[PDB]
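Here's a solo chain for you in structure tokens, the form deposited in one PDB entry.
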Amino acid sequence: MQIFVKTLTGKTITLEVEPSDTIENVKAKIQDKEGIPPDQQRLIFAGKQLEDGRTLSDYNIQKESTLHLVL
């Protein structure tokens, strides 16, 4: 699976993954990429925030989509 993460600043970072549970775990994976710390980073897709610990699948998250994460 391929996913994209974007910021309002306009930079695009391309990331690779397949479904995992855990907002934290996704947060852990973004932690590794550019040496950017995730003490409280937010996930919106569908223009909505994703709460702690429920399945990614829920919401129909899917491949080649684009995401915008802000802390």
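For every residue, the number given is its place in the sequence shown, counted from 1. Between two forms, the rigid core is defined as the largest C-alpha subset superposing within 1.5 Å.
C-alpha RMS from this form in 5 other deposited structures of this protein, rigid core superposed: larger for 15-23 or 57-65?
When 15-23 and 57-65 are compared in 5 other deposited structures of this protein, the bigger C-alpha shift is seen for 15-23.
Between 25-33 and 42-50 (mean CA B-factor, as deposited), the higher:
Averaged over C-alpha atoms, the B-factors run higher in 25-33.
Largest Cα B-factor, entry values, listed residues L8, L67, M1, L71:
Comparing C-alpha B-factors across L8, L67, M1, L71, the maximum falls on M1.
Going by the entry, which third of its chain does the Cα temperature factor of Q62 land in?
Middle third, going by the recorded CA B-factors of the chain.
Going by the CA temperature factor in the PDB record, which third of the chain does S20 belong to: lowest, middle or highest?
Its C-alpha B-factor, which the entry lists for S20, ranks in the highest third among residues of this chain.
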